[PDB]
Structures are given as C-alpha cells and as structure tokens.
Amino acid sequence: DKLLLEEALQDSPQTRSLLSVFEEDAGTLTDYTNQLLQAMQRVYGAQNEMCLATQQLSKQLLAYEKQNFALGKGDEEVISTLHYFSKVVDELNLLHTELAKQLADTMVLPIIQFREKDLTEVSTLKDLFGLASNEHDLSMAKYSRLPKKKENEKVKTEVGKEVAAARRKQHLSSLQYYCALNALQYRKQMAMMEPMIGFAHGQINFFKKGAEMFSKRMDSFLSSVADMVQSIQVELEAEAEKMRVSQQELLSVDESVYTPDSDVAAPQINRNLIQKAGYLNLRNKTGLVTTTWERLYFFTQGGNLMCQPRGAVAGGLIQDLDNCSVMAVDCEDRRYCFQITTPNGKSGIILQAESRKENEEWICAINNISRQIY
Amino acid sequence: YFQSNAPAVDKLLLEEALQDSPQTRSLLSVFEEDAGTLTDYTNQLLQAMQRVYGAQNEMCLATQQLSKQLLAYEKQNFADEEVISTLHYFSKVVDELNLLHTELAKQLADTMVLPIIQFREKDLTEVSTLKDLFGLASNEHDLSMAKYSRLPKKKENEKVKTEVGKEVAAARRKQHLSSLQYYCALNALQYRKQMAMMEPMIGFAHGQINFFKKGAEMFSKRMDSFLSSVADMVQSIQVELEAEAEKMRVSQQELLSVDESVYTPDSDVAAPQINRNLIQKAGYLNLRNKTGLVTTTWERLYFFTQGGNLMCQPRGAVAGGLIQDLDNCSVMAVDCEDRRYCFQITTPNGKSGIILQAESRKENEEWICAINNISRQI
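Listed in order, the protein sequences are those of chains B and A.
Per PDB author numbering, residue 5 is the first one in the first sequence, and the count goes up by one each step.
Numbered per PDB author numbering, the second sequence spans residues -4 to 74, 79 to 377.
In structure tokens:
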C-alpha cells in the first residue's frame, strides 16, 4: 500500500486501481470524521451548557436575599449558607469553563482543522486531477483522428503539442494528488490520537483543582449545616405536636358554643363594662329605600366606637365621642337590633347582635360608657 | 445603638381562630403574602436546579455517544495499527467517565432536586389547598349568618329558629376547623422553609465531593505518564511524515525536470529510438471496435503481454483481460480509416485480426517487433 509517485506519467491501470482504494478509504474516512466531529462538539456543548446552568444557580441563590417577603427576611444563617453554596457553584463554573476552553482547542479544534484543511485539500486535488485527466484523454482522441495521408506537418505537430500540454498537466496534478494521499496516511493516525490526548489532559486539571477544592476540610462545614437543619426539624416536630394538642383541645368544645344561643338570662351579663368588641351587622341606606346589612367588627376605645372591616388593619370612623343614647329597637322585622342616636337625634345608627346575651350587653355597655360627660 | 433581643419565630396563635378577630385575619394576610413570594421563588429556583440536572443528564449521553464513535473506527473498511489500540483506551476512559456523570446525575436528582419538588408539590401545595378550602368555609359561614339575621322577631317560629341555629353551628364549626388546619400548616411552613432551602444544596455538594474524589483517582498520574508515551508515539509519526514528505518533494521535483519532448508524441519519426528486441509491452493503445455493420469506434485501453498472451484491462478495471494469442499470430502495420500508426494482429487462421493504434511510430514499431518476438517463444 505504497502508492509510489515515481511511477508514473502515463499511469498503469493497476496504479489507478490502487489509487481508487485510496479514494475509497478517503471517502469513508471523511464520512466517519464528521460522525466523530459532531459527537465531540456535543460533549463540548454539554460542557458549555453546564457552565450556564451553574452560572444561573449563583444568581438564584443570591436572589433569595433580594426577594422581599412579609416575614423570613434577614434569615442570616439561612442567607449565609445559600451565600456559601453560591460561592461554591461560582468556582465550579470556572472548572467547567476551563474544561470547556480545553475541549474546544485541544480536542475539538484538531478534528476541525483535519476536516477543513487536510481532508479538504485532498478532495480538491482529486477534482483537479480528474479534470486534468479528462482534458488529456480527450486531446488523445483528437490526436488519434489525425489523418495519415495527406497531412500538413505543421498541423500534426501543433496537435501533438496540445496533447503534451495536457499530458504534463495530468502528470503535475497527479503527483500533487498522490503526495497528498500518502501524507494523509500519517496525518490521520495523529489526527485520531491527538484530539483524545487533549481530552484526557484537560480533565486531569478539572479533577485536580476540583478535588482540591472539594476537600475533606470543606466537608466539616457541610456537616455543621446539616446539624442546623436537624436542630430545626426537632423544633418543628415538637412545635407540630404542641399545635396538634392545642387543636384537639379547642375542638373538643360542645355544640352549644357554635350555636348563636345560649338562652335568655342563662349566662349572666355584666352590665357595667367598657371593653366590649365583636361582630355585628350594620344597617346602611345603600340607595333610597334600599338597605344592606353588612357584618363588620366593632370595638370601643377612647369613648369612640370603631368599625374595622375584616381583613385590613385599623380604620373605624364612627360618630362618638359625644352624648349619645342607645336602646333596643325594631327594624325590618329583625331580632336583637339596637340603635344609637347623635346629640341631635338625627341619622341615628342601628346595628344587630346575634345572641341576645350580646344584644343587651352592648346596649348596657354604650349607655354606661357615655356616662363620662364631665 | 442596638442591644441584644429575645428571639422570635412567627406563629398564628390558634386560640384566636374561633374568635376570628379581623386583627387576627390581618396577620393571616401577611402570612399569605410571605408564602406568595416564596412559591414564586422556589419555582424560580427549582427551574435552575433542573437545568443543572439537565446539563448533567445530557453530559451522560454526550459521553455515551462519543465512545460509540471511538469504537466505530474499527468497523470501517480501510487499507492504523496502534490507532485502534489507543481509541479503545480512550473509549474506556469515556465509558468510565460517563459512569461518574451518571452516578452524579442520579444523586443530584435524589438529594437536591427532590427536596424542592416535594416542597413545592406537597408543602406549598397543601397551603393553597387549605387556603381555598378555608376561605370557602368562611364564605359559607357568612351566608349562614345572613339567614339567621333575617329571622323575624315577631311572631317567632320556634321550629324554624332552632333549625337555622343548627345551620350556624356547622359551617362555623367548619370554619373554625379549617382555620386551625390552615394556621397550623402556615406555622409549620416557617420551619420547613429554612430546611428546604439549605438542605437541597447539601446533597448536591455531597454528590460533587464523591464525583471529584472518585474521579481524581481515576484520572491519575499513572494515566498522565501513559499519555506521555502516546505523545511520544505521535511524535514518532510526525518525524516519519516529515521524512517521507521531504523525500516526495524531491522526487516530484526530479520527475518534472524533464523537457517537453518527453510529453510529446510529436517526437520526430526521424531518429526513433526503437527497441526491436523485447518480450514485454507495456502501453495504452486504441482498439478498433465494430458498433454495427457500418459504424465503428476506438477506445484507449491498456495492453500488456504476459504468458504468451496479450492482455487488455481497461483503466479502472479490477484486472483483465485476455484478448488474443497465446499461440500463432502474425502482426503487421495497417492502413485503417486513414488513421496513423495502426497495426493488426492476425489470428492463426490467416484472417480476421484485431486492429490497434499506437501514438509515436517509435511505439508502433516496438509493439510489432515485440509481438513477433513473442510469437517465437519455443
């Protein structure tokens, strides 16, 4: 399998039938190198992808302290760990980055140069040799059709020169094209080894710097974070049990407590207080003639009544303080509704309690809170 | 300045769930809002941790496929002895490496991606479940208080009144109950949050220690000193290339130093260097070929004499050709189609010979004389 260039001009057909074995193996080589090129760019891809994915974790771990909650801010210890685990991934990004750089120059770059320069140069010298050959082959046919009797010598001669110009062209392109294919035999052997040596090398660095960074000494901090997590689980667990019991006790209450009444005069009713607050319904002339009865929480402070609707904090613009008077009143045929009245007596507000117990207690608690006129 | 404080963790008191004061329900709203931004974040983060698992699980395939191609070199037909022996080695390194990335990917998913998924899909999901459920029972209770409020003061129906009171017992119970369950959940979540933020990342660090520790041994200085012998094995090719490369450039120069009289068949008939005494040719000639009773054609074809036989073999043929002879023939120049330098090898019958065509007359004569010299080989 020499493909010896020194023979020749005017190629034997046996020379050709070897040259075709070169052309053959070349073709199947270029095919395979594409199949291998892709595979190596796919590992490089995944390498670069690893760099971005880590790079994203840094951002997101740090983003915790940037997210704004209603509680759990300045988590300090939790912030500290997330910040540490971030600094880790940051340095891991550089190891996968350095490996990415490596695979792109010592592994992938070789194969591209081979495919783009070597295998390429061959496939082009081939084409030039092929064309060069055909040009000759045809000039030969022309030269053969020259007539024997009678010709002009000067014509015969010129056609011969044409044949020769072509023959030497074929010689030139064929010598080049052969040297090309022989050299390729050595180039491939290196082009298949070197790329994979580069791979192995870049990885030594990846596992060297890396295993150093992920030492047993780092492992001492990890174990202490785990103990912090363990100390939370115990808190949680006992706290869950505290709540589990607390819940059961509050749910063991009998049905009479969820039912509105109760019974008239059965539970005593403190007649002299100021403290009282709770839900009631408030009449509200929504439109002329129409009314709505909205449940809202009422409570008392500095001689004033307040209204805090459910949900929101604070609020409660209600008429007091002044000399008002409260008394039970009938309204829209409703039960346990009562009404206060401004000093004027105009636009008196009217509310409703559910219990009777509660009804009389509110009323007792408002005509006696307004006693303080001094 | 700032002075030390007695610590605190945030809780809904539970005892004030039956009461359901609006001031309790205000703290509940902030609790929800906290849970809100949290679910937003754990989503945002989970996405990120699934992408590193992505890049990992993909790397597992990327290596898996690489070796399969390193191992496909030995499956193509060729004319690479030590090349195969290394590609197997470098394959072992890749299949072995793959195993590590696979062992990582696995642990990555079980010890890091898992604790967040479960967190978002069981713990955070339970909150929303109990919230929608809680607010529902509260909505029910509100509409229940309505009916009770509409009941007439006179004339009161002692049967209707007792029926609606019982309706208020339930739904109020339902609210109280769902509220205790919803609160207890949110309180517990304050603790789950912390654990499920720092714990997920621990497992990932552990996988990455075992990954680098198991992989640092693997990629040792033994491998390093071996790679050196392969670098040497590559140099020993670069030198043999440069050697045979220089040799070829020289040979190429020499073969082209020839002057144009060689490339030309034009070379004068006058003064032809004819070797009339040989036993082997050697050349391309054109072969007259009948292509119908009238029409004919001439094809360039190699020709070589062998065991008394004239052979053919067209260019690009596997081999050939066995066209005429071995035994008795007579060859002579011929005038055929006004072509120049044709000659006919006649069969022993004394009729019907093949007609060939040479290029230079130097060639024609040499072919003729040669054939005749073969025709006397006894």
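All C-beta atoms in this analysis are idealised placements derived from N, C-alpha and C, irrespective of residue type, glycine included.
Sub-9 Å separation of residue i and residue j beta-carbons
i: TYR262/A; j: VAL167/B; result: yes
i: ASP29/B; j: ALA67/A; result: no
i: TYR181/B; j: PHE133/B; result: yes
i: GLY76/B; j: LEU33/A; result: yes
i: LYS130/A; j: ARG339/B; result: no
i: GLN237/A; j: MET232/B; result: no
i: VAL229/B; j: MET197/A; result: yes
i: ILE373/B; j: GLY307/B; result: yes
i: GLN356/B; j: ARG287/B; result: yes
i: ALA318/B; j: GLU364/B; result: no
i: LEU56/B; j: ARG46/A; result: yes
i: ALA187/B; j: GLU243/A; result: yes
i: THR345/A; j: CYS328/A; result: yes
i: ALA108/A; j: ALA50/B; result: no
i: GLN106/B; j: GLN189/B; result: no
i: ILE322/B; j: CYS311/B; result: yes
i: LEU13/A; j: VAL257/B; result: yes
i: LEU226/A; j: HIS205/B; result: yes
i: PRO17/A; j: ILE115/A; result: no
i: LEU277/B; j: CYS368/B; result: yes
Contact with chain B by residue i, beta-carbon distance below 9 Å
i: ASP334/A; result: yes
i: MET331/A; result: no
i: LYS121/A; result: no
i: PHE(-3)/A; result: no
i: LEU135/A; result: no
i: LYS350/A; result: no
i: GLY306/A; result: no
i: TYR147/A; result: yes
i: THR101/A; result: no
i: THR290/A; result: no
i: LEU33/A; result: yes
i: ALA169/A; result: yes
i: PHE26/A; result: yes
Minimum Cβ-Cβ distance from residue i to chain A less than 9 Å
i: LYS130/B; result: no
i: residue 380/B; result: Missing from the structure shown is residue 380/B; chain B here goes from 5 to 378 and no further.
i: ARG375/B; result: no
i: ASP94/B; result: no
i: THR295/B; result: no
i: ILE353/B; result: no
i: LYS192/B; result: yes
i: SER127/B; result: no
i: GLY76/B; result: yes
i: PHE118/B; result: no
i: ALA369/B; result: no
i: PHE203/B; result: yes
i: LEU325/B; result: no
i: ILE344/B; result: no
Residue i to residue j span [Cα, whole Å]
i: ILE201/A; j: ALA3/A; result: 26 Å
i: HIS100/B; j: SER219/B; result: 18 Å
i: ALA104/B; j: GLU53/A; result: 15 Å
i: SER250/A; j: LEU9/B; result: 8 Å
i: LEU98/B; j: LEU40/B; result: 27 Å
i: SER266/A; j: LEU292/A; result: 36 Å
i: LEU185/B; j: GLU239/A; result: 15 Å
i: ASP122/B; j: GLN252/A; result: 22 Å
i: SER24/A; j: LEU96/B; result: 41 Å
i: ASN348/A; j: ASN285/A; result: 24 Å
i: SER177/A; j: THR128/A; result: 11 Å
i: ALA270/A; j: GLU362/A; result: 13 Å
i: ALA1/A; j: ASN209/B; result: 50 Å
i: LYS246/B; j: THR19/A; result: 20 Å
i: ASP326/B; j: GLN174/A; result: 38 Å
i: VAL126/A; j: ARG275/B; result: 43 Å
### Task
List in chain order: all unbroken alpha helix (DSSP H) runs of 4+ residues lying wholly within the region 93 to 152 of chain B.
112 to 117 and 123 to 148
### Task
Spell out a yes or no on whether the region 262 to 271 of chain A and the region 150 to 167 of chain B are touching, meaning 3 or more CB-CB pairs, one atom from each, closer than 8 Å.
yes
### Task
Please determine if the region 146 to 155 of chain A and the region 198 to 215 of chain A are in contact, where contact requires at least 3 C-beta pairs separated by less than 8 Å.
no
### Message
Extract the residue ranges of the alpha helix (DSSP H) inside the region 46 to 88 of chain B, only unbroken runs of 4 or more that lie entirely within it.
### Response
none
### Task
Run through the region 281 to 344 of chain A for me and flag every whole beta strand (DSSP E) of 3 or more residues, listed as ranges in chain order.
281 to 289, 295 to 304 and 329 to 333
### Segments of 3+ residues assigned as beta strand (DSSP E) that fall wholly inside the region 195 to 224 of chain A
none
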